[PDB]
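Below sits a lone chain in structure tokens, taken as the form deposited in one PDB entry.
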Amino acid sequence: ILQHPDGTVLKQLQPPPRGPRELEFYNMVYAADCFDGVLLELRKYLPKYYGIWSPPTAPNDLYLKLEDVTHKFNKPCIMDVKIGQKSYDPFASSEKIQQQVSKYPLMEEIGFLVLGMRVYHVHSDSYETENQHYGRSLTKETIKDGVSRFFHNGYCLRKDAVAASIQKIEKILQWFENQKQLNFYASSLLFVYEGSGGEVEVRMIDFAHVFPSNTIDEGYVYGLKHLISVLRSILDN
């Protein structure tokens, strides 16, 4: 993720087939001739897409130019949460499935995985960051506290941002409960709230493993519902 002063991020296409699939996902959703109500609604929950971008002198080098969802924040607090029971896709080999399940064997049980967070602390005027190993450490016993950490600014628990997050996730959940044409594996929700101020963003990202489907995305829904339940329990802290 390259953050550009103009309010965008550049995301480099991952190696094939992942990068190409993500490009084609954005292209389908943001097709200027799209009249599919499901895809038109989905746009609300993605970063705005500004098309494929390559350096003037390097057409080999493929990026997605995307909206920087954090741009309108002063001190953005950022959490990336992978959603679903499976982070392997329907065409994974047995080895690929193990690779993926072994990354976090609780994925089936919990339905989400914190990929990281960046949390502004007011008292120190500083950020604390958690990496992939944080979320992968979390168990049924510690997931609630693990998520809570995102909404603690070193003085209070930001229950406003928690409530706002539930409300925005609910709209995404509603989108998933009214579509049976896409299934999303290893995709994430990006949570942003203002650390320095009620603004909150919850957007879907990471579409290297979105596939056509004829079913509800039950794994994604499970994850959304479990994540909401956790956030809801945090409101009782």
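Note that the rigid core is defined as the largest set of C-alphas that superpose within 1.5 Å between two forms. All residue numbers are counted from 1 along the displayed sequence.
Just so you know, the form deposited in another entry exists too; it's not on screen, but the next bit is about it.
Taking the core as reference between this form and the one not shown, the lone member of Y45, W175, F211, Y30 whose Cα moves by 2 Å or more is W175. Core-aligned CA deviation for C156 between this form and the one not shown: 2 Å or greater. The two forms, fitted on the rigid core, differ between this form and the one not shown by 2 Å or more at the CA of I166. Shown here is a form in which the CA atoms of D89 and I172 lie at least 3 Å closer together than they do in the other form.
In the other form, the separation between the C-alpha atoms of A161 and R118 grows by 3 Å or more relative to the displayed form.
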